[PDB]
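With ideal geometry, Cβ positions are generated from the backbone for all residues, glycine too; neighbour counts draw on all protein chains shown. What is reported rests on the model, the rules as stated and the sources as named; no laboratory instrument gave them.
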Amino acid sequence: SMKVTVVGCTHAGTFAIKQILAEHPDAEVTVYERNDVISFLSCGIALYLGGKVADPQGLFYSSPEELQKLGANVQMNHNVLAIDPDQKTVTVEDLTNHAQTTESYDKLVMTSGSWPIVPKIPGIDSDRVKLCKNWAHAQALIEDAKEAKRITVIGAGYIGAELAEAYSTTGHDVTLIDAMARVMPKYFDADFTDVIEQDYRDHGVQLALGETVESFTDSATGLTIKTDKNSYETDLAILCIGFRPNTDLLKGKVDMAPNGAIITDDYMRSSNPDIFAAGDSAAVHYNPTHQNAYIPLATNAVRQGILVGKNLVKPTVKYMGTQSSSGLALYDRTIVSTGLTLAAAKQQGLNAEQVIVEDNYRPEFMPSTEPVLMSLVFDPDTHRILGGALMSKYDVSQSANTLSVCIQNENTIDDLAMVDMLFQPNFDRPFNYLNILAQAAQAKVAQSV
Amino acid sequence: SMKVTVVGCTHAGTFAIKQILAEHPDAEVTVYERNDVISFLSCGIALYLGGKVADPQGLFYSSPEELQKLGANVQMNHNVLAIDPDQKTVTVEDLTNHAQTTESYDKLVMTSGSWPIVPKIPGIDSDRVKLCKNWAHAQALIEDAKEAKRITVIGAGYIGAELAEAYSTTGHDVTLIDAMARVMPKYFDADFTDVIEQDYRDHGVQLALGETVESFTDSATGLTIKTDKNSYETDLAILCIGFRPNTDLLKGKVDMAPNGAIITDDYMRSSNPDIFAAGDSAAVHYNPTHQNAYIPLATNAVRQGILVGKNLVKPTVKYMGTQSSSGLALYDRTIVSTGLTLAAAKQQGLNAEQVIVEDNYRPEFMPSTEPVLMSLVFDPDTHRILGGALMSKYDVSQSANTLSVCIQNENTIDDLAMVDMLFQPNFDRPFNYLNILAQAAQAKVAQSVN
Ligand SMILES: Cc1cc2nc3c(=O)[nH]c(=O)nc-3n(C[C@H](O)[C@H](O)[C@H](O)COP(=O)(O)OP(=O)(O)OC[C@H]3O[C@@H](n4cnc5c(N)ncnc54)[C@H](O)[C@@H]3O)c2cc1C
Ligand SMILES: Cc1cc2nc3c(=O)[nH]c(=O)nc-3n(C[C@H](O)[C@H](O)[C@H](O)COP(=O)(O)OP(=O)(O)OC[C@H]3O[C@@H](n4cnc5c(N)ncnc54)[C@H](O)[C@@H]3O)c2cc1C
Ligand SMILES: NC(=O)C1=CN([C@@H]2O[C@H](COP(=O)(O)OP(=O)(O)OC[C@H]3O[C@@H](n4cnc5c(N)ncnc54)[C@H](O)[C@@H]3O)[C@@H](O)[C@H]2O)C=CC1
Ligand SMILES: NC(=O)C1=CN([C@@H]2O[C@H](COP(=O)(O)OP(=O)(O)OC[C@H]3O[C@@H](n4cnc5c(N)ncnc54)[C@H](O)[C@@H]3O)[C@@H](O)[C@H]2O)C=CC1
């Protein structure tokens with residue numbers, strides 16, 4: 001029978017394994033994972049630190065026992081040391097007693113994920129510099145937070161943004177550093193991030209944008225962070241400056257993007273037809289540009305894991321690509337986006353324009369309403385939608401998924417301007433705010449004629 | 001200059017006129033409207049009666065003066081008496097002095113909308129039987145609600161459902177009657193309406209489903225509504241049993257559906273190439289069946305009005321059809337749908353199956369969460385999505401628009417099962433609840449193959 005080795009098991013491995021066992025229940029699935037847990041939802045770290053998670057065990061949705069019971073041979077506390085695609089073997093280390101074994105496989109599933117970027121900076125080994133990725137890291141932050149009044153968050157991507165918000169609302173003195181000039185520059189245009197930065201300033205967070213850490217130095221009173229433009233004193237520094245694919249086991253053995261992301265076909269197969277990849281080990285197929293990209297999100301892991309299982313024996317279900325839809329909640333605002341920002345489209349040489357629209361999401365005659373700030377990015381010539389974003393105190397998150405479906409189907413601003421959407425004054429004006437947004441894009445293109 | 005006559009101006013006429021004047025500023029636009037107002041949002045009636053509207057002037061978004069300022073010749077309080085397409089004339093009555101005039105047109109915009117269905121029943125002329133459509137009706141209801149403790153709502157469609165809830169939450173004794181066995185049968189399947197009906201009962205509303213009124217009889221202490229199965233004593237009856245297209249001016253003169261809805265091409269042109277129709281006077285192109293239908297919603301009026309304006313001279317923008325997406329809020333529940341119910345699909349002989357899924361919309365580890373009851377209706381062979389619905393105390397209304405776009409693009413359950421949707425625990429589980437819904441449809445189709 002078919003022998004399947006799965007390297008790594010947080011989310012992609014978990015979904016791949018369950019899918020493989022459901023659709024090929026004779027297969028012999030072995031999974032290796034360095035940790036002693038699986039399925040930890042790292043989104044819960046900031047939620048716990050912000051006082052929003054009562055029981056942290058609720059942040060796990062599966063377990064080794066569950067996978068074992070389903071028919072998998074589950075090897076926790078094991079570190080895969082080598083993969084030999086020519087001989088189709090893996091060499092593994094039991095972390096409890098150091099014992100090494102070598103095993104054969106017919107199909108290998110590379111769900112080894114990512115690891116935080118850790119720059120080579122003097123002092124980075126300090127006990128006061130911590131990572132924020134897995135359950136081990138979360139437990140350390142849960143313990144440190146009590147004694148750490150002053151917290152420096154290094155990196156203002158999604159992780160840093162959520163941490164800075166969580167610590168600031170729980171009475172800590174927060175400084176937020178990013179190398180770029182704005183917070184979350186990858187995800188929103190300046191009209192959005194200007195508003196978010198002002199929120200941070202209003203809540204007492206110190207912004208240190210356009211700065212890179214040169215050194216960490218311990219002192220009698222805490223940790224000294226020297227940037228190229230300033231020096232900060234802190235009790236705890238959290239490093240969250242992005243992800244690096246954890247794929248060295250296959251470096252030089254399968255096609256990879258420059259950063260090591262495994263390239264796959266539409267069935268999640270690597271350049272080696274017996275080696276699949278899913279999750280943060282793999283590039284995504286990014287529909288707005290029709291290019292490979294590396295934008296690691298749990299949504300990719302659960303989908304690609306399922307596809308590995310469906311395609312393990314022969315191509316069966318095509319990968320649909322992604323829009324990299326994403327969002328978060330900060331200080332009572334919902335902020336969501338999908339596809340390209342205008343900044344990114346222009347940076348990549350694409351033909352792109354944008355409208356920004358601020359409207360109340362439902363009529364003023366209602367008992368209450370809320371402004372929603374909206375962005376639509378489009379090709380001014382083909383009118384193809386390239387991306388969009390929404391921000392409101394009203395929960396507009398579901399509208400980013402509507403835009404995702406629009407992009408998935410290559411819809412234009414003219415489609416979105418008139419496509420049927422319901423009207424009821426509890427929810428919107430006679431035209432939905434997404435119709436209104438696209439109508440403003442029409443008006444921009446028409447004025448350009 | 002091109003001469004344009006617009007018959008009727010609540011919403012579709014308003015949007016057509018603004019679009020015409022913007023795209024052809026020189027055209028001479030004359031609009032006739034029976035009432036003395038335009039742009040009244042009838043959705044505000046239930047809201048006002050429910051105590052949710054402070055200033056009812058906020059329920060108007062435009063005005064005769066605004067259209068006049070924009071260049072229209074606005075003839076309020078005028079009633080169009082005749083339309084002769086062969087001669088391209090309209091005959092009109094000034095209601096203030098009965099003066100009639102006849103005018104020529106190059107293009108006519110039929111935005112005459114609809115009127116409530118009023119059946120031929122003994123006693124229906126009573127002062128205690130009221131309509132619930134326009135601003136005149138609203139003002140009458142606002143006055144009478146003060147004294148009438150017992151309200152009978154005749155018709156459990158959207159209007160009736162919202163009225164019953166509005167009156168029930170402001171201290172009235174409400175009885176809700178429908179000829180059909182369920183409330184809102186056109187819009188949701190029984191798993192949803194069973195829940196809504198229980199909601200009405202829990203709030204003291206008396207349901208009289210599967211009953212038709214035989215007579216209204218004034219009695220010593222109120223009005224007696226006689227049905228084929230019971231009798232009810234009320235202080236006010238509201239008749240809201242559907243809309244009829246108000247199209248008699250053109251009956252015999254342009255192709256119509258059996259109920260009088262004007263059939264249009266993809267440019268909103270009637271069978272007479274100089275007469276356009278938009279709004280409740282017109283049929284919609286219903287995408288799930290690819291057939292004409294009559295499902296009057298304000299969403300159609302605003303869209304078709306715009307399209308009339310863009311297509312008045314030459315075909316410029318095609319009509320995309322509709323899924324008839326619709327929904328409402330009742331007792332803290334958001335309830336939305338798009339496309340076909342299972343019941344409707346099978347009543348029309350379509351090949352169709354359904355999955356019902358109830359899940360919390362976001363993870364249980366959050367400080368709160370809410371169940372969402374979901375339905376997906378689909379062709380089990382092609383996998384095409386035919387319709388869907390969601391119900392939750394969390395505001396899931398936007399998800400009905402996601403489904404609408406899925407149907408607009410002829411997407412399948414397999415598309416929806418995997419299409420990219422964001423994950424953040426403030427909003428959903430790793431898979432969005434719409435992904436989860438379609439994955440359950442996938443599981444149902446898989447079980448039926450072996
Ligand atoms: C704080 C934080 C918050 C986040 N919030 C969100 C959010 O809100 N929404 C969203 O969509 N995404 C979010 N993400 C991203 C999401 O968590 C990741 O995309 C997801 O963890 C990737 O899943 P994965 O299974 O592919 O890889 P991983 O989670 O990285 O796990 C891969 C596993 O492989 C193991 N492994 C690696 N090498 C070996 C080896 N040689 N031998 C044995 N085992 C090995 C590792 O121990 C690891 O456990 C967040 C991430 C973080 C850190
Ligand atoms: C209580 C109520 C609540 C509603 N709630 C919603 C909701 O929440 N969401 C939604 O999408 N839809 C809702 N609707 C439906 C929506 O209001 C209608 O679809 C909309 O009014 C149709 O607009 P219209 O301009 O095409 O037609 P109409 O509003 O019917 O206006 C047509 C106009 O033409 C005039 N007219 C007719 N004949 C003549 C003539 N010979 N001469 C001169 N004038 C004439 C009439 O006076 C009328 O003003 C609701 C309707 C009602 C009654
Ligand atoms: N709500 C959501 O969707 C969430 C998803 N994630 C995703 O997990 C992955 C990792 O998250 P992040 O660590 O925040 O990565 P990120 O890619 O989202 O942000 C990294 C930030 O670090 C900055 N940066 C890079 N190098 C730096 C340096 N030397 N010094 C200072 N700043 C530097 C970058 O300008 C960038 O803003 C991302 O793909 C993220 O989208 C994580 C948390 C929440
Ligand atoms: N939130 C929303 O979308 C709303 C939109 N509307 C729309 O306005 C239009 C008219 O609204 P409604 O009057 O509610 O029509 P409707 O078509 O929604 O419902 C009419 C109801 O009356 C029943 N009925 C028909 N004849 C009857 C009879 N002789 N006796 C008793 N019951 C009878 C029907 O079974 C039906 O349930 C509809 O198209 C509606 O969708 C109106 C209010 C709110």
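Only residues that are in contact with a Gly (Cβ under 6 Å, 6 or more places away or on another chain) and closer than 14 Å to B:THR264 by Cα were counted across the range B:282-302, and they come to 2. On inspection, B:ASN292 passes the criterion of being away from every other protein chain (no Cβ under 14 Å), farther than 24 Å from B:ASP84 by Cβ and under 16 Å from the mean Cα position of the chain (by Cα). Consider the range A:1-25 and keep the residues that are within 14 Å of chain B (Cβ to nearest Cβ) and of a type in the set (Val, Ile, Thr). The one that is farthest from the chain's Cα centre (by Cα) is A:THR14. Scanning the range A:287-295 for residues that are within 12 Å of ligand 1 (Cβ to nearest atom) and of a type in the set (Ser, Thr, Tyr) turns up at least one hit. Look through B:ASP235, B:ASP218 and report the one residue that is surrounded by fewer than 17 Cβ atoms within 10 Å (Cβ to Cβ), of a type in the set (D, E, K, R) and not assigned by CATH to the domain that holds B:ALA293. Testing whether each residue is surrounded by fewer than 17 Cβ atoms within 10 Å (Cβ to Cβ), of a type in the set (D, E, K, R) and not assigned by CATH to the domain that holds B:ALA293 leaves just B:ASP218. Residue check: is B:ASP420 within 13 Å of chain A (Cβ to nearest Cβ), under 26 Å from A:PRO296 (Cα atoms) and free of Cβ contacts under 8 Å to residues at least 12 places away in the same chain? The answer is yes for B:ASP420. Does B:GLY279 satisfy being within 15 Å of ligand 4 (Cβ to nearest atom) and surrounded by fewer than 18 Cβ atoms within 10 Å (Cβ to Cβ)? Judged against the criteria, B:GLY279 is not a match.
Restricting the range A:73-104 to residues that are in a loop (DSSP other than H, G, I, E, B) and in contact (Cβ under 8 Å) with a residue 60 or more places away in the chain leaves a set whose member that is farthest from the chain's Cα centre (by Cα) is A:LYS88. Taken as a whole, the condition of being of a type in the set (A, V, I, L, M, F, W, C), surrounded by 21 or more Cβ atoms within 10 Å (Cβ to Cβ) and over 26 Å from B:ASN246 (Cα atoms) applies to B:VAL174. In summary, B:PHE188 fulfils each of the numbered conditions (1) more than 14 Å from ligand 4 (Cβ to nearest atom); (2) within 14 Å of chain A (Cβ to nearest Cβ); (3) of a type outside the set (A, V, I, L, M) with the single exception of condition (1).
With respect to being farther than 24 Å from B:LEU297 by Cα and more than 9 Å from ligand 2 (Cβ to nearest atom), B:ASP86 fits the description.
On the given criteria, is B:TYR286 more than 9 Å from ligand 2 (Cβ to nearest atom), within 21 Å of the chain's Cα centre (by Cα) and either away from every other protein chain (no Cβ under 14 Å) or among the polar types (S, T, N, Q) (or both)? Answer is no for this residue. For B:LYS346, the requirement of being out of contact with any helix residue (DSSP H, G or I) (no Cβ under 6 Å at 6 or more places or on another chain), more than 11 Å from every other protein chain (Cβ to nearest Cβ) and over 30 Å from B:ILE17 (Cα atoms) is met.
So that you can scan it fast, the table gives a plain yes or no per residue for (1) farther than 17 Å from A:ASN435 by Cβ; (2) among the aromatic types (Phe, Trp, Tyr); (3) in a strand (DSSP E or B):
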position	(1), (2), (3)
A:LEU376	no, no, yes
A:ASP381	yes, no, no
A:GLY387	yes, no, yes
A:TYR394	no, yes, no
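Checked against the criteria, A:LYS52 does not count as among the basic types (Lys, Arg) and either surrounded by fewer than 16 Cβ atoms within 10 Å (Cβ to Cβ) or out of contact with any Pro (no Cβ under 8 Å at 6 or more places or on another chain) (or both). Taken over the range B:7-47, the criterion of being without any contact (Cβ under 8 Å) to a residue 60 or more places away in the chain, in a loop (DSSP other than H, G, I, E, B) and not aliphatic (A, V, I, L, M) is satisfied by B:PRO25, B:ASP26, B:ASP36, B:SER39. If the condition is being facing chain B (nearest Cβ under 9 Å) and in a helix (DSSP H, G or I), then the range A:58-68 contributes A:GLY58, A:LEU59.
Among the residues here, B:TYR433 qualifies as more than 24 Å from A:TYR331 (Cα to Cα), of a type in the set (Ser, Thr, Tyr) and crowded, with 18+ Cβ neighbours inside 10 Å. Out of B:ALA138, B:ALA164, B:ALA181, one residue alone is more than 14 Å from chain A (Cβ to nearest Cβ), within 15 Å of ligand 2 (Cβ to nearest atom), touching a residue at least 12 places away in the same chain (Cβ under 8 Å) and not in a strand (DSSP E or B). It is B:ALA164. If the condition is being more than 26 Å from A:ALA352 (Cβ to Cβ) and either outside any helix (DSSP H, G or I) or within 14 Å of chain B (Cβ to nearest Cβ) (or both), then the range A:274-283 contributes A:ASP274, A:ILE275, A:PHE276, A:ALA277, A:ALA278, A:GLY279, A:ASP280, A:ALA282.
With respect to B:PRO363, determine if the residue is within 12 Å of another protein chain (Cβ to nearest Cβ) and either assigned to a strand (DSSP E or B) or free of Cβ contacts under 8 Å to residues at least 12 places away in the same chain (or both). No. Looking only at the range A:399-412, decide whether some residue is surrounded by fewer than 24 Cβ atoms within 10 Å (Cβ to Cβ), touching a residue at least 12 places away in the same chain (Cβ under 8 Å) and aliphatic (A, V, I, L, M). Among the residues of the range A:399-412, not one is surrounded by fewer than 24 Cβ atoms within 10 Å (Cβ to Cβ), touching a residue at least 12 places away in the same chain (Cβ under 8 Å) and aliphatic (A, V, I, L, M), which makes the answer no. Scanning the range B:115-126 turns up at least one residue that is within 12 Å of ligand 2 (Cβ to nearest atom), assigned to a strand (DSSP E or B) and under 29 Å from the mean Cα position of the chain (by Cα).
Among the residues of the range B:238-273, those that are of a type outside the set (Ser, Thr, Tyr), closer than 29 Å to B:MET180 by Cβ, part of a loop (DSSP other than H, G, I, E, B) and in contact (Cβ under 8 Å) with a residue 12 or more places away in the chain comprise B:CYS240, B:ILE241, B:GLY242, B:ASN246, B:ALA257, B:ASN259, B:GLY260, B:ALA261, B:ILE263.
Out of the residues in the range A:203-215 that are under 15 Å from A:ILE241 (Cβ atoms) and under 25 Å from the mean Cα position of the chain (by Cα), which is surrounded by the most Cβ atoms within 10 Å (Cβ to Cβ)? Per the stated criteria, the residue is A:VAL213. The condition of being within 14 Å of another protein chain (Cβ to nearest Cβ) and surrounded by 18 or more Cβ atoms within 10 Å (Cβ to Cβ) holds for only one of A:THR334, A:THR341, A:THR316, that being A:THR334. Of all the criteria given as (1) within 14 Å of ligand 2 (Cβ to nearest atom); (2) over 20 Å from B:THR247 (Cβ atoms), the one not satisfied by B:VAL109 is (2). So, of the residues in the range A:132-152 that are farther than 12 Å from A:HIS172 by Cα and among the polar types (S, T, N, Q), which turns out to be farthest from ligand 4 (Cβ to nearest atom)? Ranking the qualifying residues of the range A:132-152, first place goes to A:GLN139.
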